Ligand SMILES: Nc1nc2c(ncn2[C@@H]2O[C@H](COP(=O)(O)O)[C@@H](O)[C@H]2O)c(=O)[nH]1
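Presented below, as structure tokens, is a lone chain in the form deposited without the named molecule.
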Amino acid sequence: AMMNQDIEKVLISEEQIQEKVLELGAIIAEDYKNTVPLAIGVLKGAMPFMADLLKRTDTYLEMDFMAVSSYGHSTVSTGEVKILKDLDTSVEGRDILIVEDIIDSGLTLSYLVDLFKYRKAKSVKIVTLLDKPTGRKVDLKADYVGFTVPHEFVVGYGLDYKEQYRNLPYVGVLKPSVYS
């Protein structure tokens, strides 16, 4: 029927997300006021948050995107992933802001962060809509965080279950029958 028919509970409402994005955007705009950073999202989950975040960030910036895929074993050990789409511009000397939907193990993100430092970024910071710090497999701290969630079992606003639900305007938890 309707997608709400699959949602057990709304954890973060659209109104709550909108207020947070407004707040974070104002903070990021002030922190990068005299340097046009490169704001980068990792496909696909970061897309909705990145779009609304940046639209509330009143400062000059450039957008870009990466796509990556798992190598399997090395990905779940060091976070190394295969670059499917690299950035359209060089990193050297740039201030990089990685926009993410959620950080859990933090392995792939940590790999990307240190890749950008290898590429001589002037700086690298991270903004994430959701953080689950109890999931860390590496010490990786986001610089800007929307909400801290006790678990990563949620859908909406970029987050998927079998590639669906990313288009929900809120963050929720699925009913058990959907996945089991």
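Position 1 is the first residue in the sequence shown; the rest follow in order.
Just so it is clear, the following notes concern the form deposited with the named molecule bound, a form of the same protein that is not shown.
Shown here without its ligand, the chain is overlaid with the named molecule as it sits in the bound PDB entry; three or more ligand atoms lie within 2.4 Å of backbone or C-beta atoms, and the site is blocked. Only one segment in the set 147-155, 115-123, 57-65, 32-40 has any non-hydrogen atom within 4.5 angstroms of the named molecule in the bound PDB entry, and it is 147-155. Put simply, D104 is close to the named molecule in the bound PDB entry: some heavy atom of it is within 4.5 Å. In the bound PDB entry, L159 approaches the named molecule with a heavy atom inside 4.5 Å.
In the bound PDB entry, just one residue of 112-140 lies within 4.5 Å of the named molecule by at least one heavy atom: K132.
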